[PDB]
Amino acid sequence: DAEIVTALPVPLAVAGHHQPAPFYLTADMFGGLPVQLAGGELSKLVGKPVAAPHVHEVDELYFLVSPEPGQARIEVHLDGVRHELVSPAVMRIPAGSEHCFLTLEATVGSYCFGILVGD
């Protein structure tokens, strides 16, 4: 009687996002989780932002990863300051901070996940 979720991703609306974002962990899964996790593979998102600047009332971690280090690069706008992240990298976005990211470079298998931390 294992607990398996394969109806994935779960599209959920997120502030400023053009489309609902694809979630793989949501707060209600498995009786409740302290995180939510959304994101996807970046290879076709180069130069195409998924959202306008937005703010959350919870902390958000960007997790950027690729099979080989350096194969993925995103630009994070944080309250009007630009930060370039190179895979692998984890960046904390404090709750209340205005932000978004733009994909600069991505191979097949590059991902950016946003991890919302429940407080």
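Here the rigid core means the biggest group of C-alpha atoms that line up within 1.5 Å when the two forms are laid on top of each other. When you see a residue number, it is the position in the sequence shown, counting from 1.
Of the two stretches examined, 48-56 and 62-70, the one with higher mean CA deviation in 5 other deposited structures of this protein after a rigid core fit is 48-56. In at least a third of the other PDB entries of this protein that model the residues around it, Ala15 has no coordinates. Stretch comparison (35-43 versus 77-85) by mean CA B-factor in the PDB entry places 77-85 on top. Going by the entry's values, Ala2 shows the largest Cα B-factor out of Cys112, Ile115, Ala2, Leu8. In the PDB entry, the Cα temperature factor peaks, among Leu25, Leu102, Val14, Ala95, at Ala95. Ranked by C-alpha B-factor against the other modelled residues of its chain, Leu64 falls in the lowest third. In this PDB entry, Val50 carries a Cα temperature factor that places it within the middle third of its chain's modelled residues.
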